[PDB]
Each structure stands twice: as C-alpha cells, then as structure tokens.
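Trainee: A single structure is presented below for examination.
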Amino acid sequence: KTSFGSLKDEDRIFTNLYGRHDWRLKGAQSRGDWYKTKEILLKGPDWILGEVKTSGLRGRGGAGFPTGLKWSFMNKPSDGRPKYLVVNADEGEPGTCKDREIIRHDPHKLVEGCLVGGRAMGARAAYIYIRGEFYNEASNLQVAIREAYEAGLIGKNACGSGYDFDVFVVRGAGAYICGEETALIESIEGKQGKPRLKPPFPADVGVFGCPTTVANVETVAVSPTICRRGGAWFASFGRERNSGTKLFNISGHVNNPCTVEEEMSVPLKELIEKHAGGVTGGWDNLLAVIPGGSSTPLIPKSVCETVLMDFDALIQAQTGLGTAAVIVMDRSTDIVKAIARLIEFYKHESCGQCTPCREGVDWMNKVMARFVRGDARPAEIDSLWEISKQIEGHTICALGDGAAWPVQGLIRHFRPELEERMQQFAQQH
Amino acid sequence: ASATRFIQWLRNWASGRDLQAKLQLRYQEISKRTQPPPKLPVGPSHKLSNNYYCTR
Ligand SMILES: Cc1cc2nc3c(=O)[nH]c(=O)nc-3n(C[C@H](O)[C@H](O)[C@H](O)COP(=O)(O)O)c2cc1C
Ligand code: SF4
C-alpha cells in the first residue's frame with residue numbers, strides 16, 4: 001500500500017469508543033471481548049509473544065518501543081521473586097485523553113489485555129495505575145474487574161486455564177511525572193514519584209524490586225484482539241514498522257474536537273479534515289500543529305500539508321508521533337504564549353530530583369515569560385537554544401527532553417516572531 | 001609664562017632655543033582633573049552563546 005486511512009468499522013478495535021453500547025461484561029462479550037481467552041492462554045507465552053511481535057505493535061505511551069521485544073524481557077525463568085505487569089493509565093500528557101475512553105467505555109478490553117499480556121510475561125498480577133483525577137473512570141474499571149472475578153475470567157484458574165491472575169487498581173494523587181514508568185513504580189511503592197536511574201531495568205528490578213513490565217493502556221488493550229485476529233492482520237495496517245491502528249485526539253482550533261480511531265500513517269491533513277471537521281476558519285487559517293502531545297515539537301502549516309501520522313514520518317519532520325494527541329493552533333493564536341504555557345506546565349510537573357530539569361526548566365520558564373512580552377534581546381534566543389540542549393540527554397528521565405523539545409520547536413520554526421516581539425517591545429520602551 | 005619680553009629674549013638667546021614654545025612648567029593645556037565617567041568595553045568572551053569554556 002501507499003495510501004493509508006479510511007479505516008473500516010470492522011477493523012476498528014475500540015468499538016465502544018464513544019460509550020454508545022453497554023460497557024459492562026454483557027455488552028463487552030457481545031462485541032467479542034473474552035472470546036476464546038482460554039485458548040489464547042493455553043497457546044503459551046511464547047506463542048503470545050510471537051503474535052505481538054509479528055503485529056509490529058509499538059508502545060502507545062509516547063516512546064514507541066517495539067512491544068513484542070519489550071515484553072520478551074520478562075519471558076525468562078523464575079528466580080524466586082513474583083513477576084508483575086504494571087499498566088500505565090496515568091494519562092497525563094497535555095492534549096492526550098485517549099486512555100480515558102478505553103478505561104471507562106471499554107474496560108473489559110483492558111482487563112483481558114492484562115490477563116493475556118500477564119500470561120506472556122509470567123506475571124502473577126497486574127497493577128493498573130490510574131491518575132487520581134479519573135475517579136469515575138477508575139470506579140468503572142473496578143466494576144468491570146469485579147464482573148471478571150465473578151465470572152471466573154480473572155483470579156484463580158482464570159478463564160478455566162489453570163493460570164492464577166489478579167488485577168489491582170491503584171490511584172495516583174496528582175503528578176504528571178508518575179506517568180514515567182519508573183516514577184510510576186516508585187509511586188506504587190508509596191514514595192514520591194521520582195524516576196529511577198537505569199540500569200537496573202524494570203524487567204530485572206521493578207515494582208517491589210521484582211521483574212516488571214510497564215505498558216500503556218492502549219498497548220495492553222489491543223493485545224487480546226491481536227492474538228484473536230492474528231499479528232498479520234494488525235501488520236496489514238499502516239506503513240512498514242508503523243503497523244496497526246491508532247487512537248487520535250484532535251483538540252485545539254478545530255471545528256469538532258474529538259477522539260477517533262484511524263489507521264497509522266494517515267495524512268495529518270486528512271485526519272483533521274475527515275474527522276475533526278477541519279481547522280477553525282478553514283485550512284489556510286492553520287498556523288502550527290503539535291502532532292503528538294505537548295512534548296513533541298510543533299510543526300508549521302507548510303510541513304503539515306503532506307506529513308503522515310506515524311513514528312518514522314514525524315521523526316523525519318523533526319518531531320514525533322508521541323501519544324498521537326493533535327493540538328491545532330490557527331493563525332489567531334499567540335504561538336509564543338502557547339508554547340510558554342507548556343513550559344510553565346513542565347515547570348509545575350518536574351519532580352525536582354535531578355539538576356538539569358529542576359533548575360533548567362524553571363530557567364527556561366522565566367526566559368519564555370519574557371519572550372512572550374518581548375522583554376529580551378535576540379541574542380537570548382541562541383542562549384535559550386543552548387540551555388535546552390544542556391537539559392536534553394542529561395537528565396534522569398525523559399521529562400527533561402519533553403520540556404526541551406517544545407522550546408526547540410518554537411525557535412526552529414518561529415524565530416522571526418520571537419525577534420519581531422522583541423523589536424516591538426524595545427521601540428515602545 | 002609670566003616672564004617679561006626682555007627676560008624671554010635673554011634666556012632664549014643664552015640657551016639658543018625658543019624656550020617659550022616648550023615650557024617645562026604646565027599651564028592650562030593639561031587635562032581637567034574631573035572627567036566624565038567612562039564606559040569601558042567588554043572582552044570577546046562576553047557572549048550568551050557559542051561560548052563554552054572548553055573551547056577557549
Ligand atoms: C514525563 C513522562 C510522562 C509520561 N506519561 C505517560 C503516560 O501518562 N502514559 C503512558 O502510557 N506513558 C507515559 N510515559 C511513557 C512511559 O514512561 C513508558 O514509556 C510507557 O508507559 C511504556 O509503555 P508502552 O511501551 O506501551 O508505550 C511518560 C513518560 C514521561 C517521561
Ligand atoms: S528530568 Fe525532571 S522529572 Fe525527570 S527525574 Fe529529573 S527532575 Fe525529575
């Protein structure tokens with residue numbers, strides 16, 4: 001194939017995305033959930049890991065590592081410690097709200113995903129870490145989990161397959177950094193959500209110091225359908241090495257902001273127009289797009305004309321797919337202010353553990369505040385660029401990179417606006 | 001500078017020089033003892049970027 005998009009309803013995975021069908025077990029089963037789960041479990045961990053590998057699935061939490069290889073780090077003999085699956089439902093990236101829909105409208109897909117993914121890893125239980133603000137969603141998930149326990153689908157002799165598997169829901173207490181996989185683990189252990197250095201890796205020393213895999217809600221919830229319909233069915237969608245379907249959040253200056261499921265590698269322009277109703281005020285009113293959550297650099301309208309929505313295409317555009325949260329800014333936007341607010345966000349979310357982000361992001365925030373008003377000199381633009389490069393790659397976790405990239409995107413594509421703002425300020429004062 | 005014309009002629013003739021053009025004593029030609037404040041320039045390391053110490 002060379003064109004991707006126009007995914008048909010029969011090929012969509014999250015068929016209750018909009019919550020217009022019963023989200024409880026009866027509704028879930030009528031839609032295909034929990035079907036031949038026992039046969040999947042008995043096929044074995046090696047078979048399950050092969051199916052996820054052939055599917056070409058990559059992490060949906062923002063980083064996009066190959067899921068099959070990542071989950072294979074667990075496929076190792078016991079050494080006395082329990083093994084755990086940790087499901088990342090922190091869902092904290094600004095612009096991103098996809099995992100919210102899965103948890104509250106398709107909870108049984110997530111619950112089955114834990115069991116199947118748990119089996120492939122040899123894990124005895126799954127801890128689903130969900131952000132504290134999602135109280136109603138977590139309560140929905142607990143109800144679905146109880147239905148699974150009562151029906152014998154999870155717990156002792158899960159699905160009548162002889163495999164014991166528990167599913168626990170743990171709520172966060174308000175911290176974006178707890179979406180980071182090691183910070184998430186530290187939070188479950190009752191500590192401050194501060195990421196660990198690696199090594200060790202979670203597959204060796206994880207939650208409670210035991211082998212762990214942290215997987216995104218969307219990554220886990222699509223696994224049972226991949227095993228049922230085959231890896232090759234999943235790989236038939238999207239470009240090579242960009243396989244599958246994807247949940248997209250289109251927000252910002254669009255006519256109909258929404259969440260939708262679409263094929264990977266769909267053109268960005270097609271995604272905004274077909275599903276979101278187009279850019280507010282017409283396509284030509286577009287200014288810039290943040291293609292995959294606040295941590296990915298913005299791209300200008302010129303780049304947005306032809307760019308595809310997948311990992312490799314967006315990396316080539318000097319950005320990233322991230323969480324596939326598309327934030328649209330039209331030409332009425334104060335682009336400098338919009339980015340400055342994201343830096344203010346990262347400043348509020350930095351855990352403060354390590355020097356370059358604890359001090360650097362706050363420093364970038366102060367400089368961006370002045371850049372919004374023009375209260376700076378042009379020579380400070382290159383200084384701000386250099387500061388961002390001293391944070392990126394020098395911190396414990398990727399939040400430091402996530403704060404540096406938005407600044408770099410602004411300077412790369414909108415330097416004249418920054419300089420014009422400074423000229424206006426100097427003339428006035 | 002206060003020497004009379006005759007004394008100027010006398011000491012000029014005795015020395016063989018025009019002494020009055022190059023007097024040893026200083027008068028009003030010297031710089032004022034109060035000057036406007038300076039504003040000194042800064043060196044080439046006074047930059048906000050492209051200035052890592054390991055390169056200089
Ligand atoms: C600051 C920060 C916040 C993150 N937030 C989330 C999140 O909310 N949900 C998520 O799935 N991954 C989040 N991640 C990525 C996780 O650390 C990790 O890569 C992911 O959970 C792995 O799951 P996956 O392989 O299925 O993508 C975040 C990373 C960082 C650095
Ligand atoms: S980069 Fe920021 S959030 Fe990550 S460990 Fe360092 S201080 Fe904490």
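Here Cβ is always computed from backbone atoms with ideal geometry, including for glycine, and neighbour counts include all displayed protein chains. Bear in mind these aren't lab numbers, they're just calculated from the coordinates by the rules spelled out.
Trainee: What percent do you get for the relative contact order of chain A when only Cα pairs under 8 Å and 6+ apart count?
Mentor: 16
Trainee: Which value, in debye to the nearest 20, gives the size of the charge dipole of the protein assembly as shown about its Cα centre, when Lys and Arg are +1 and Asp and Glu are -1 at the Cβ?
Mentor: Taking the Cα centre of the protein assembly as shown as origin, the dipole is about 1960 debye.
Trainee: Provide, as a two-decimal number, the C-alpha radius of gyration of segment A:120-270 over 2.2 N^0.38 Å, N being how many residues it has.
Mentor: So segment A:120-270 has a normalised radius of gyration of 1.22.
Trainee: Something else: I need two numbers for segment A:189-307: Rg to one decimal and Dmax as a whole number, Cα atoms only, in Å.
Mentor: 18.7, 53
Trainee: So, one more: Rounded to whole Hz and in sequence order, give me ³J(HN,Hα) for segment A:23-39 from the Karplus expression 6.51 cos²θ - 1.76 cosθ + 1.60, θ = phi - 60°, writing x for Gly and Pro.
Mentor: The phi angles translate into 8, 7, 4, 4, x, 4, 5, 4, 8, x, 5, 6, 9, 6, 5, 4, 5 Hz.
Trainee: Using +1 on the beta carbon of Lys and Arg, -1 on that of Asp and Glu, and nothing else charged, what's the dipole of segment A:210-327 about the Cα centre, debye to 20?
Mentor: 220
Trainee: Exposure proxy check: A:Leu17, A:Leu247, B:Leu48 ranked by fewest other beta carbons within 10 Å?
Mentor: B:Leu48, A:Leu17, A:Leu247
Trainee: Then there's this: Over all directions, what mean area does the Cα convex hull of chain B project, stated in square nanometres?
Mentor: 8.5
Trainee: Between A:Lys38 and A:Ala232, take the C-beta separation as r, use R0 = 22 Å, and let me know the FRET efficiency to the nearest 0.05.
Mentor: For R0 = 22 Å, the calculated efficiency reads 0.45.
Trainee: Return the single residue from A:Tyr346, A:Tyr127, A:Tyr149 with maximal mean-square fluctuation; model: Gaussian network over chain A, springs between Cα atoms under 10 Å.
Mentor: Fluctuation is largest for A:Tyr149.
Trainee: Per DSSP helix of 4 or more residues, -39500 (n - 2.57); summed, then divided by the residues of chain A. What does that give at 222 nm, rounded to the nearest 500?
Mentor: It lands at -13000 deg cm²/dmol.
Trainee: Residues in segment A:154-171 near a label at A:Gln142, defined as backbone nitrogen under 17 Å from the 7 Å Cα→Cβ point?
Mentor: In segment A:154-171, the label zone of A:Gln142 (backbone N under 17 Å from the point 7 Å along Cα→Cβ) covers A:167-171.
Trainee: Continuing with this model, one more query. Long-range amide H contacts for A:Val254: which residues qualify at under 5 Å (H placed 1.01 Å from N, peptide plane, sequence gap of 5 or more or a different chain)?
Mentor: Amide H neighbours of A:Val254, under 5 Å, 5+ apart: A:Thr280.
Trainee: Mind checking Rg over Rh on the protein assembly as shown, alpha carbons, Kirkwood formula for Rh?
Mentor: 1.27
Trainee: Step through the residues of segment A:307-320 one at a time and calculate ³J(HN,Hα) from phi using the Karplus curve (6.51 cos²θ - 1.76 cosθ + 1.60, θ = phi - 60°), rounding each to whole Hz and writing x for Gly and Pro.
Mentor: 6, 8, 9, 7, 4, 6, 5, 6, 4, 5, 8, 6, 8, x
Trainee: For q values of 0.26 Å⁻¹, compute log₁₀ I(q)/I(0) with the Debye formula on a Cα-only model of segment A:383-429, without solvent.
Mentor: The Cα Debye sum returns log10 ratios of -0.87.
Trainee: Quick one: what are the phi-derived ³J(HN,Hα) couplings along segment A:86-96, Karplus 6.51/-1.76/1.60 with θ = phi - 60°, whole Hz, x for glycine and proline?
Mentor: 10, 9, 8, 10, 5, 6, x, 4, x, x, 9
Trainee: Something else: Under 5 Å between amide hydrogens, which residues at least 5 positions from A:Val170 or on another chain qualify, with H placed 1.01 Å from N in the peptide plane?
Mentor: A:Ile128, A:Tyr129, A:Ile130
Trainee: Fully extended, how many nm does the chain gain between A:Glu386 and A:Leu69 (0.36 nm per residue separation, minus their Cα-Cα distance)?
Mentor: Here the answer is 110.6 nm.
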